[PDB]
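Structure data (compact mmCIF, C-alpha atoms and all ligand atoms) from run.txt:
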```txt
# COMPACT_ATOMS: atom_id res chain seq x y z
CA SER A 17 12.24 169.26 225.73
CA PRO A 18 10.09 171.12 228.34
CA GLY A 19 7.96 169.95 231.35
CA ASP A 20 4.14 170.42 231.37
CA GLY A 21 4.08 173.00 234.19
CA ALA A 22 2.72 171.19 237.30
CA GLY A 23 4.64 171.41 240.65
CA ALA A 24 6.03 174.92 239.75
CA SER A 25 3.68 176.58 242.38
CA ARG A 26 5.17 174.10 244.94
CA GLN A 27 8.79 174.74 243.81
CA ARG A 28 8.35 178.46 244.80
CA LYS A 29 6.77 177.71 248.26
CA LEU A 30 9.59 175.16 248.95
CA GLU A 31 12.52 177.40 247.74
CA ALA A 32 11.13 180.06 250.20
CA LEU A 33 11.13 177.57 253.18
CA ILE A 34 14.67 176.27 252.27
CA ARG A 35 16.17 179.84 251.97
CA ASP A 36 14.89 181.06 255.40
CA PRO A 37 17.90 180.63 257.81
CA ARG A 38 15.54 180.19 260.87
CA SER A 39 13.55 177.40 259.02
CA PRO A 40 13.88 173.77 260.23
CA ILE A 41 14.30 172.55 256.57
CA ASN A 42 17.16 174.70 255.15
CA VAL A 43 19.77 172.82 252.99
CA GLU A 44 22.25 172.18 255.90
CA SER A 45 19.34 170.51 257.86
CA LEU A 46 18.37 168.22 254.94
CA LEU A 47 22.12 167.24 254.61
CA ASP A 48 22.32 166.68 258.46
CA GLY A 49 19.25 164.42 257.96
CA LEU A 50 20.99 162.19 255.34
CA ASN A 51 24.35 162.21 257.22
CA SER A 52 22.60 161.24 260.53
CA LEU A 53 20.51 158.44 258.90
CA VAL A 54 23.73 156.87 257.44
CA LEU A 55 25.68 157.11 260.78
CA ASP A 56 22.73 155.44 262.67
CA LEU A 57 22.29 152.59 260.09
CA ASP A 58 25.95 151.67 259.20
CA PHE A 59 26.52 148.96 261.87
CA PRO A 60 27.06 145.25 260.97
CA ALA A 61 23.84 144.00 262.72
CA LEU A 62 21.42 146.56 261.09
CA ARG A 63 22.94 145.87 257.59
CA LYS A 64 21.44 142.27 257.64
CA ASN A 65 18.15 144.18 256.88
CA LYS A 66 18.07 144.31 252.98
CA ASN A 67 16.23 147.73 253.00
CA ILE A 68 19.13 149.24 255.09
CA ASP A 69 22.00 147.51 253.14
CA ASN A 70 20.47 148.63 249.75
CA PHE A 71 20.10 152.28 251.02
CA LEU A 72 23.68 152.42 252.48
CA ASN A 73 25.17 150.86 249.26
CA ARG A 74 23.42 153.68 247.30
CA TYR A 75 24.35 156.67 249.61
CA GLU A 76 27.44 155.79 251.78
CA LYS A 77 29.95 156.87 249.00
CA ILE A 78 28.36 160.32 248.18
CA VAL A 79 27.76 160.95 251.95
CA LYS A 80 31.52 160.44 252.76
CA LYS A 81 32.33 162.82 249.82
CA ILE A 82 29.88 165.51 251.22
CA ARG A 83 31.47 165.09 254.72
CA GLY A 84 34.84 165.90 253.02
CA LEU A 85 33.50 169.16 251.44
CA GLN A 86 31.53 170.67 254.40
CA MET A 87 33.19 172.47 257.41
CA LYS A 88 35.02 170.08 259.84
CA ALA A 89 37.35 170.20 262.90
CA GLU A 90 40.43 169.49 260.65
CA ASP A 91 39.83 173.00 259.08
CA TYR A 92 40.95 174.60 262.45
CA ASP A 93 44.37 174.60 264.23
CA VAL A 94 43.85 174.15 268.01
CA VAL A 95 46.09 176.88 269.55
CA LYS A 96 45.10 176.17 273.21
CA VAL A 97 42.26 174.82 275.45
CA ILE A 98 40.83 177.85 277.44
CA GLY A 99 37.88 176.06 279.20
CA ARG A 100 36.67 172.51 280.06
CA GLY A 101 32.98 171.92 280.94
CA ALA A 102 31.30 168.53 281.65
CA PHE A 103 29.95 168.93 278.03
CA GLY A 104 33.44 169.25 276.41
CA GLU A 105 36.23 171.88 276.09
CA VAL A 106 36.36 175.46 274.72
CA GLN A 107 39.39 175.83 272.36
CA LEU A 108 41.19 178.93 271.03
CA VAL A 109 41.43 177.97 267.30
CA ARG A 110 42.72 179.53 264.06
CA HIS A 111 40.87 178.73 260.78
CA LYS A 112 43.71 177.42 258.50
CA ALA A 113 42.47 178.98 255.18
CA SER A 114 41.53 182.48 256.57
CA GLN A 115 44.11 182.61 259.48
CA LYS A 116 41.28 184.18 261.62
CA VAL A 117 41.06 183.43 265.39
CA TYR A 118 37.86 182.09 267.09
CA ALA A 119 36.73 180.31 270.28
CA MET A 120 35.34 176.82 269.45
CA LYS A 121 33.01 175.07 271.97
CA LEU A 122 32.81 171.22 271.76
CA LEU A 123 29.69 169.42 273.11
CA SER A 124 30.01 165.60 273.46
CA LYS A 125 27.00 163.91 271.75
CA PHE A 126 27.67 160.81 273.97
CA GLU A 127 27.60 162.87 277.24
CA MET A 128 24.29 164.62 276.22
CA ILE A 129 22.60 161.23 275.39
CA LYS A 130 24.09 159.22 278.35
CA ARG A 131 22.87 161.92 280.85
CA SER A 132 19.38 162.42 279.24
CA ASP A 133 19.80 166.13 278.20
CA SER A 134 20.05 166.62 274.38
CA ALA A 135 17.82 169.72 273.71
CA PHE A 136 19.54 172.59 275.72
CA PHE A 137 22.00 173.51 272.89
CA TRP A 138 19.22 174.75 270.48
CA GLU A 139 18.70 178.06 272.42
CA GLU A 140 22.51 178.52 272.73
CA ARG A 141 22.85 178.16 268.91
CA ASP A 142 19.83 180.42 268.17
CA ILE A 143 20.80 183.24 270.64
CA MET A 144 24.44 183.40 269.47
CA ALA A 145 23.47 183.05 265.74
CA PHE A 146 20.55 185.55 265.59
CA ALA A 147 20.71 187.85 268.72
CA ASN A 148 22.71 190.36 266.55
CA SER A 149 23.49 192.29 269.81
CA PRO A 150 26.74 193.86 271.10
CA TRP A 151 25.84 192.19 274.49
CA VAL A 152 25.78 188.56 273.15
CA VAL A 153 28.80 186.49 271.96
CA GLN A 154 28.34 185.93 268.21
CA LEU A 155 28.16 182.46 266.50
CA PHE A 156 29.84 182.32 263.03
CA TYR A 157 29.61 178.52 262.38
CA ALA A 158 27.96 175.45 263.96
CA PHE A 159 28.85 171.98 262.56
CA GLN A 160 29.04 168.35 263.84
CA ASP A 161 30.88 165.02 263.39
CA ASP A 162 29.73 161.61 264.81
CA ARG A 163 31.20 162.51 268.28
CA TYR A 164 30.85 166.35 268.81
CA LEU A 165 28.76 169.47 268.20
CA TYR A 166 31.07 172.45 267.37
CA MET A 167 30.20 176.15 267.86
CA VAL A 168 32.71 178.70 266.40
CA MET A 169 32.25 182.06 268.26
CA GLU A 170 34.10 185.43 268.50
CA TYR A 171 37.10 185.00 270.87
CA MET A 172 36.74 187.13 274.07
CA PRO A 173 40.37 187.70 275.15
CA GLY A 174 39.49 189.77 278.28
CA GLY A 175 38.51 186.54 280.13
CA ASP A 176 35.52 186.20 282.53
CA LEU A 177 34.49 188.31 285.58
CA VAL A 178 35.56 185.45 287.96
CA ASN A 179 39.17 186.10 286.79
CA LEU A 180 38.73 189.92 287.11
CA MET A 181 37.21 189.73 290.66
CA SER A 182 40.11 187.46 291.88
CA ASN A 183 42.79 189.85 290.42
CA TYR A 184 41.32 193.22 291.68
CA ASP A 185 39.60 194.83 294.69
CA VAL A 186 36.52 196.20 292.80
CA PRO A 187 35.51 199.76 293.88
CA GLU A 188 31.85 200.97 293.47
CA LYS A 189 32.80 203.02 290.31
CA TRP A 190 33.73 199.65 288.60
CA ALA A 191 30.74 197.77 290.14
CA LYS A 192 28.36 200.44 288.61
CA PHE A 193 29.91 199.82 285.15
CA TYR A 194 29.77 195.96 285.13
CA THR A 195 26.28 195.89 286.80
CA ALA A 196 24.91 198.37 284.18
CA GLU A 197 26.44 196.30 281.31
CA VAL A 198 24.97 193.03 282.83
CA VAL A 199 21.51 194.76 283.12
CA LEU A 200 21.57 195.87 279.42
CA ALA A 201 22.74 192.35 278.34
CA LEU A 202 19.91 190.60 280.28
CA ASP A 203 17.35 193.17 278.94
CA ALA A 204 18.49 192.17 275.38
CA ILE A 205 17.97 188.42 276.20
CA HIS A 206 14.53 189.20 277.78
CA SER A 207 13.54 191.23 274.64
CA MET A 208 14.21 188.06 272.52
CA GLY A 209 11.61 186.27 274.76
CA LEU A 210 14.16 184.25 276.83
CA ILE A 211 15.01 183.99 280.58
CA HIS A 212 18.61 182.91 281.42
CA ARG A 213 18.02 181.17 284.85
CA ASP A 214 21.78 180.85 285.77
CA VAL A 215 23.45 184.29 285.38
CA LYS A 216 26.92 184.14 287.02
CA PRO A 217 30.33 185.81 286.54
CA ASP A 218 31.57 182.67 284.61
CA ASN A 219 28.94 183.51 281.87
CA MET A 220 30.14 187.18 281.65
CA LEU A 221 33.14 187.52 279.21
CA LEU A 222 35.17 190.69 278.41
CA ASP A 223 36.09 191.64 274.78
CA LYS A 224 39.34 193.25 273.40
CA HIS A 225 38.26 196.67 274.93
CA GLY A 226 37.09 195.35 278.36
CA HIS A 227 33.29 195.46 277.66
CA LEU A 228 30.92 192.67 278.71
CA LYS A 229 29.18 190.01 276.58
CA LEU A 230 27.01 187.10 277.84
CA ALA A 231 28.15 183.58 276.84
CA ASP A 232 26.78 180.08 277.79
CA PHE A 233 22.99 179.98 277.15
CA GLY A 234 22.68 176.25 278.00
CA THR A 235 19.96 176.93 280.67
CA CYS A 236 17.92 179.53 278.64
CA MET A 237 14.14 178.96 278.15
CA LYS A 238 11.50 180.76 275.98
CA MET A 239 8.84 182.59 278.07
CA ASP A 240 5.19 181.74 277.17
CA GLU A 241 2.73 184.51 276.00
CA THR A 242 2.33 185.57 279.74
CA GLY A 243 6.13 186.12 280.28
CA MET A 244 6.44 183.02 282.58
CA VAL A 245 7.64 179.37 282.42
CA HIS A 246 5.96 176.55 284.47
CA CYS A 247 8.70 173.83 284.74
CA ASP A 248 10.87 171.65 287.08
CA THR A 249 13.96 171.79 284.70
CA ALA A 250 17.27 171.04 286.58
CA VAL A 251 19.96 173.71 287.34
CA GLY A 252 23.47 173.06 288.83
CA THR A 253 25.30 174.86 291.72
CA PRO A 254 22.85 177.17 293.55
CA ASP A 255 25.11 180.17 294.54
CA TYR A 256 23.53 182.69 292.05
CA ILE A 257 20.11 180.97 291.58
CA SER A 258 16.88 182.63 292.88
CA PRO A 259 14.57 181.07 295.51
CA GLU A 260 11.65 180.49 293.02
CA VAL A 261 13.91 178.53 290.53
CA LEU A 262 15.48 176.48 293.42
CA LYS A 263 11.93 175.66 294.73
CA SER A 264 10.76 174.69 291.16
CA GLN A 265 13.30 171.75 291.24
CA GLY A 266 10.85 170.11 293.74
CA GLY A 267 8.18 170.03 290.94
CA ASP A 268 6.44 172.55 288.58
CA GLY A 269 6.55 176.07 290.07
CA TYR A 270 6.22 179.39 288.13
CA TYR A 271 8.98 181.97 287.40
CA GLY A 272 9.64 184.83 284.97
CA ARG A 273 12.49 187.18 284.02
CA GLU A 274 12.76 188.65 287.57
CA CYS A 275 14.75 185.46 288.51
CA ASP A 276 17.66 186.94 286.44
CA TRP A 277 17.53 190.22 288.50
CA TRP A 278 18.05 188.14 291.69
CA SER A 279 21.35 186.96 290.12
CA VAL A 280 22.46 190.60 289.46
CA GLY A 281 21.98 191.25 293.24
CA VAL A 282 24.24 188.25 294.11
CA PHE A 283 26.82 189.46 291.50
CA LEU A 284 26.88 193.07 292.87
CA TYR A 285 27.25 191.73 296.48
CA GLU A 286 30.18 189.44 295.39
CA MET A 287 31.92 192.37 293.57
CA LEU A 288 31.74 194.75 296.62
CA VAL A 289 32.09 192.23 299.56
CA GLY A 290 34.43 189.56 298.01
CA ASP A 291 32.22 186.44 298.68
CA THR A 292 28.67 185.46 297.53
CA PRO A 293 25.98 186.42 300.10
CA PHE A 294 24.78 182.76 300.67
CA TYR A 295 28.24 181.05 300.55
CA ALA A 296 28.47 177.82 302.63
CA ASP A 297 30.94 174.82 302.78
CA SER A 298 28.27 172.46 301.23
CA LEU A 299 25.62 172.68 298.43
CA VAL A 300 22.76 172.00 300.95
CA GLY A 301 24.25 174.79 303.20
CA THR A 302 23.93 177.33 300.34
CA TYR A 303 20.45 176.03 299.28
CA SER A 304 19.36 176.41 302.95
CA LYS A 305 20.65 180.06 303.20
CA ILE A 306 19.01 181.07 299.84
CA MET A 307 15.54 179.75 300.91
CA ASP A 308 16.09 181.68 304.23
CA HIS A 309 17.33 184.92 302.48
CA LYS A 310 15.09 187.18 304.73
CA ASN A 311 17.29 186.04 307.71
CA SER A 312 20.54 184.77 306.07
CA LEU A 313 21.48 187.96 304.07
CA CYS A 314 23.68 190.38 306.08
CA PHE A 315 26.59 192.67 305.05
CA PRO A 316 29.78 192.50 307.18
CA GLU A 317 30.13 195.92 309.01
CA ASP A 318 33.84 195.80 307.87
CA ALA A 319 32.90 195.57 304.10
CA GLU A 320 31.76 199.30 304.20
CA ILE A 321 29.27 199.82 301.29
CA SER A 322 27.36 203.01 300.17
CA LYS A 323 23.65 203.39 301.17
CA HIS A 324 22.73 203.22 297.40
CA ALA A 325 24.65 199.93 296.73
CA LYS A 326 23.13 198.26 299.86
CA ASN A 327 19.62 199.51 298.78
CA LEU A 328 20.04 198.05 295.21
CA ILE A 329 21.37 194.65 296.47
CA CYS A 330 18.44 194.39 298.99
CA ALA A 331 15.91 195.49 296.27
CA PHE A 332 17.16 192.58 294.04
CA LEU A 333 17.47 189.97 296.90
CA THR A 334 13.71 189.80 297.85
CA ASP A 335 10.68 187.62 296.89
CA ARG A 336 9.86 187.83 293.12
CA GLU A 337 6.48 189.59 293.83
CA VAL A 338 8.27 192.82 295.04
CA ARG A 339 11.70 192.38 293.35
CA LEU A 340 13.26 195.40 291.50
CA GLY A 341 12.79 194.74 287.72
CA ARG A 342 9.38 192.99 288.12
CA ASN A 343 7.81 196.04 286.28
CA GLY A 344 10.61 196.24 283.61
CA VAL A 345 14.28 197.40 283.32
CA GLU A 346 13.24 201.12 283.52
CA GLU A 347 13.01 201.16 287.40
CA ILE A 348 16.51 199.47 287.59
CA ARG A 349 18.12 202.14 285.29
CA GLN A 350 16.70 205.01 287.46
CA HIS A 351 18.11 203.52 290.74
CA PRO A 352 20.40 206.18 292.34
CA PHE A 353 23.34 203.65 292.54
CA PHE A 354 23.90 204.25 288.76
CA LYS A 355 24.28 208.10 289.02
CA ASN A 356 27.84 208.77 287.63
CA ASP A 357 29.92 211.23 285.47
CA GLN A 358 31.68 208.57 283.27
CA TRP A 359 28.81 207.05 281.14
CA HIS A 360 25.07 207.23 280.16
CA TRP A 361 22.84 204.13 279.56
CA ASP A 362 22.72 205.04 275.80
CA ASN A 363 26.58 205.17 275.35
CA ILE A 364 28.15 202.97 278.16
CA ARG A 365 29.62 200.41 275.65
CA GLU A 366 31.74 203.14 273.88
CA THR A 367 33.17 204.65 277.15
CA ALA A 368 36.48 203.43 278.70
CA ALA A 369 36.02 200.11 280.58
CA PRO A 370 37.68 199.96 284.05
CA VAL A 371 40.04 197.12 282.88
CA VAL A 372 41.32 197.21 279.25
CA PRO A 373 43.20 193.91 278.71
CA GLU A 374 46.91 194.14 277.60
CA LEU A 375 47.18 191.61 274.70
CA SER A 376 50.50 190.79 272.89
CA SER A 377 48.90 189.03 269.84
CA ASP A 378 45.58 187.64 268.45
CA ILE A 379 46.25 184.26 270.27
CA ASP A 380 47.18 185.81 273.71
CA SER A 381 45.10 183.71 276.22
CA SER A 382 46.79 185.07 279.43
CA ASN A 383 43.33 186.02 280.95
CA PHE A 384 42.47 182.25 280.98
CA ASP A 385 44.02 179.73 283.44
CA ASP A 386 45.96 176.73 281.95
CA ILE A 387 44.25 173.35 281.14
CA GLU A 388 45.82 170.13 279.59
CA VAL A 394 37.79 158.56 276.28
CA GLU A 395 33.93 158.12 275.86
CA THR A 396 31.80 156.70 272.94
CA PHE A 397 28.33 155.33 271.92
CA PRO A 398 28.14 151.51 272.18
CA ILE A 399 27.60 149.75 268.78
CA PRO A 400 23.79 149.23 268.72
CA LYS A 401 22.10 145.84 267.89
CA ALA A 402 18.91 147.68 266.68
CA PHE A 403 18.21 151.23 265.34
CA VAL A 404 18.27 153.69 268.35
CA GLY A 405 18.89 156.96 266.36
CA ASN A 406 21.52 158.64 268.61
CA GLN A 407 22.28 161.17 265.76
CA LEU A 408 18.52 162.15 265.30
CA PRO A 409 18.54 164.81 268.10
CA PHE A 410 21.27 166.83 266.22
CA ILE A 411 19.57 167.10 262.76
CA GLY A 412 19.39 170.87 261.96
CA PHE A 413 22.34 171.95 264.19
CA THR A 414 24.66 172.75 261.21
CA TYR A 415 24.67 176.56 260.49
CA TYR A 416 26.87 178.85 258.28
CA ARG A 417 26.59 182.66 258.89
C1 LIG B 501 32.88 182.85 273.01
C2 LIG B 501 34.14 182.86 273.80
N1 LIG B 501 35.19 183.59 273.47
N2 LIG B 501 36.20 183.36 274.42
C3 LIG B 501 35.76 182.51 275.31
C4 LIG B 501 34.44 182.17 274.94
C5 LIG B 501 33.56 181.23 275.68
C6 LIG B 501 33.92 180.62 276.83
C7 LIG B 501 32.98 179.75 277.37
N3 LIG B 501 33.05 179.01 278.52
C8 LIG B 501 32.06 178.25 278.90
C9 LIG B 501 32.19 177.50 280.20
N4 LIG B 501 30.97 177.69 281.03
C10 LIG B 501 30.84 179.05 281.60
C11 LIG B 501 29.76 178.87 282.70
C12 LIG B 501 29.94 177.40 283.20
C13 LIG B 501 30.89 176.75 282.16
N5 LIG B 501 30.90 178.15 278.16
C14 LIG B 501 30.74 178.87 277.01
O1 LIG B 501 29.71 178.80 276.35
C15 LIG B 501 31.80 179.70 276.60
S1 LIG B 501 31.94 180.75 275.19
```
With the file now loaded, output its structure as structure tokens.
Ligand SMILES: Cc1[nH]ncc1-c1cc2nc(CN3CCCC3)[nH]c(=O)c2s1
Amino acid sequence: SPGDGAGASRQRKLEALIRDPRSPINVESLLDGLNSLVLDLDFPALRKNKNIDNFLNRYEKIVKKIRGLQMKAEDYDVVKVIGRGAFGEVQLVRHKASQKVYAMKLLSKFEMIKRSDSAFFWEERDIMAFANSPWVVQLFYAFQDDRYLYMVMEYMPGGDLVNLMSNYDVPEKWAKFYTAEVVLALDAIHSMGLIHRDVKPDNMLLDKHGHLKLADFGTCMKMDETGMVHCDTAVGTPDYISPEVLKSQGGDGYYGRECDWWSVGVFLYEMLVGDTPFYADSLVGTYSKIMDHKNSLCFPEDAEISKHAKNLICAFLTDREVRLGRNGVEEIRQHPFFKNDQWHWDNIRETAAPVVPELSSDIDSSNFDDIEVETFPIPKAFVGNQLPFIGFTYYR
């Protein structure tokens, strides 16, 4: 009992689209689509529409069954909360079936909608899923329920560079290492056509062996064909943010990847001096000092810093037009600050890190400080609060 052939040449084009993992219409995305449509229609008021009631009668049963079968939060044991953003918490979890340990980031759907900002998490997902770089925290799974986005990542038990800097006086030998690793990480992000915009020590995590990976790509943007972005997109606390990005908040200015090299300058200063170069008691105080960097930047005479370290910091902390890294990473790598006997640029990540964490087990979270509501209103009309999250689901 065979079919008469037609729509075979479409079935091949479609199976190709569906099987591409970086395609908007893979199978997980089409399932997200049906799940989201049911969540946004199943309210008592909307169901007085016959079209909606008929559709939900036909699909609500099979959609609850599917939700049972696909990856969910209940599949993980929460060992401990190791971070709490405004977005949601980061949890040290163990997958029940495999007994493997991960970090799981929760993003509140309600918080992203309520504060008009529900598109930043796409680049985070895509960088961590597809970077395939030793310098980028790896995404294994992304899934969602009606309340949360979940991202399951490799656990980084070394903690962040904030925690390191507050536990050690960092000598130049160490500062060389971490600065070099940050420069290679950012070069990897830039090579994928992205600028970070808010590089800080909180975004720099250490792995089991004490080597650096970038996490938190919430602020990342694709460069256009010219290597620039022309936007006014909002950033948070200004301590590590470049003048050109701070100015762009006032309305569309232009910046490129050299804004990330500014941040390396601030980082290197903080490591060697013990405070950020434009620290003030208020946000507006820090903003003011950053815009006035030509005057406001000065090293304490009591900090005592090599000629080469001071030269590199000052080469980063200038206007974008003349900033070190404007002409590519090559001129950064050949800066004399990075001359050393311990590592080369080609092999740094397989040399001994300055701080190798002492871990007792696979759930040791001693390099993280301790840590111990909210909904969508029931709509009267279709508003599609689940529509922005169609295509988030991803399985390695
Ligand atoms: C993948 C991983 N393994 N072990 C820990 C982590 C992460 C920790 C974390 N923490 C934050 C919080 N933000 C940092 C800058 C402002 C708040 N954000 C993230 O994406 C991750 S990933």
If you count all atoms listed in the file, which residues end up within 8 Å of ligand LIG 501 (chain B), as a CSV table (one decimal) with C-alpha atoms, keeping the file's coordinate frame?
```
chain,number,residue,atom,x,y,z
A,98,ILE,CA,40.8,177.8,277.4
A,99,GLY,CA,37.9,176.1,279.2
A,100,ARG,CA,36.7,172.5,280.1
A,101,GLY,CA,33.0,171.9,280.9
A,106,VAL,CA,36.4,175.5,274.7
A,108,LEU,CA,41.2,178.9,271.0
A,118,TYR,CA,37.9,182.1,267.1
A,119,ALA,CA,36.7,180.3,270.3
A,120,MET,CA,35.3,176.8,269.4
A,121,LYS,CA,33.0,175.1,272.0
A,153,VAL,CA,28.8,186.5,272.0
A,154,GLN,CA,28.3,185.9,268.2
A,168,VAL,CA,32.7,178.7,266.4
A,169,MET,CA,32.2,182.1,268.3
A,170,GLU,CA,34.1,185.4,268.5
A,171,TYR,CA,37.1,185.0,270.9
A,172,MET,CA,36.7,187.1,274.1
A,173,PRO,CA,40.4,187.7,275.2
A,175,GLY,CA,38.5,186.5,280.1
A,216,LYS,CA,26.9,184.1,287.0
A,217,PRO,CA,30.3,185.8,286.5
A,218,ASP,CA,31.6,182.7,284.6
A,219,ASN,CA,28.9,183.5,281.9
A,221,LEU,CA,33.1,187.5,279.2
A,231,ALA,CA,28.2,183.6,276.8
A,232,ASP,CA,26.8,180.1,277.8
A,233,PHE,CA,23.0,180.0,277.2
A,234,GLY,CA,22.7,176.2,278.0
```
Pick the closest to residue A:249 from A:92, A:136, A:295, A:193: which is it, counting only C-alpha atoms?
A:136
Measuring between only C-alpha atoms, which one of A:95, A:230, A:143, A:314 shows the shortest distance to residue A:177?
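Using only C-alpha atoms, the shortest distance to residue A:177 belongs to A:230.
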Close residues, residue A:91 itself excluded, 9 Å, only C-alpha atoms, min 6 positions apart in chain, as a VMD selection string
chain A and resid 110 to 113
Of the listed residues A:403, A:238, A:412, A:190, that which approaches residue A:358 most closely, counting all atoms listed in the file:
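When distances to residue A:358 are compared using all atoms listed in the file, the smallest one comes from A:190.
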Hey, what's within 8 Å of residue A:353 if we count only C-alpha atoms and toss same-chain stuff fewer than 5 positions away? As a PDB file with C-alpha atoms, in the coordinates of the input, please?
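Resulting contents of out-v5.pdb:
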```
ATOM      1  CA  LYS A 192      28.360 200.440 288.610  1.00  0.00           C
ATOM      2  CA  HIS A 324      22.730 203.220 297.400  1.00  0.00           C
ATOM      3  CA  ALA A 325      24.650 199.930 296.730  1.00  0.00           C
ATOM      4  CA  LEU A 328      20.040 198.050 295.210  1.00  0.00           C
TER       5      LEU A 328
END
```
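The spacing separating atom CA of residue A:80 from atom CA of residue A:46 amounts to 15.4 Å.
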Nearby residues (only C-alpha atoms) at most 9 Å from residue A:227, same-chain spacing under 4 positions excluded, as JSON, numbers by chain
{"A": [151, 174, 194, 197, 221, 222, 223, 365, 366, 368, 369, 370, 371, 372]}
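Distances here use all atoms listed in the file; by that measure, the residue among A:214, A:362, A:241, A:161 closest to residue A:254 is A:214.
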If you measure from atom CA of residue A:286 to atom CA of residue A:182, what distance in Å do you get, rounded to one decimal?
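About the pair atom CA of residue A:286 and atom CA of residue A:182: they are 10.7 Å apart.
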If you measure from atom CA of residue A:144 to atom CA of residue A:263, what distance in Å do you get, rounded to one decimal?
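Distance reported for this atom pair: 29.2 Å.
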Residue with the minimum atom-to-atom distance to residue A:198, picked from A:276, A:318, A:133, A:291 with all atoms listed in the file counted, is A:276
Select, from A:147, A:78, A:200, A:41, the residue with the minimum atom-to-atom distance to residue A:363, counting all atoms listed in the file.
A:200
